[PDB]
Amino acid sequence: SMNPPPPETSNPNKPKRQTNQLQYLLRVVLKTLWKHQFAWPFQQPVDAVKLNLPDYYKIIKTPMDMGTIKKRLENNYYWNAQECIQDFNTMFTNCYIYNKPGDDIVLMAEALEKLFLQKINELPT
């Protein structure tokens, strides 16, 4: 019942660029979701030790959280916006796989996703 190592947020070997779209994902998408009232269950990796969740990582093998994504975006870890969008989708999907549909945390992730989906529809040239 240890935690795995968090996901990579930094690799100096990967190449790096700034796009319109990556800047929108940090400053519009991430910022909006980050400041949401329901954001806090997702701002860090699920710590199964401190939270007593011994099944979490027997069930979730591709973990993701908005803290990781935030760091990835600050570190130019992403080259394509789609890599970033996929991490958000993995984070939502994980919440739907682990929690039962009717748990509070699923309703919370659904509100974030709706906001998330509204926001990426506004992603630029």
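For the two forms, the rigid core is made up of the largest set of C-alpha atoms that agree within 1.5 Å on superposition. Residues carry their position along the shown sequence, with the first being 1.
- Rigid core superposition in 8 other deposited structures of this protein puts the Cα atoms of one stretch, out of 84-92 and 50-58, farther from the shown form on average, and that stretch is 50-58.
- As listed in the deposited structure, the average C-alpha B-factor of 96-104 and of 74-82 is greater for 96-104.
- According to the PDB record, 42-50 carries the higher mean C-alpha B-factor of the two stretches 42-50 and 85-93.
- Sort the modelled residues of the chain by CA B factor and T19 lands in the middle third.
- In the deposited entry, the Cα temperature factor of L26 places it in the highest third of its chain's modelled residues.
- Split the chain's modelled residues into thirds by C-alpha temperature factor. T68 is in the lowest one.
- Per the PDB record, residue ranking by Cα B-factor puts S10 in the middle third of the chain.
- Among all modelled residues in this chain, the alpha-carbon of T32 has a temperature factor (C-alpha) in the middle third.
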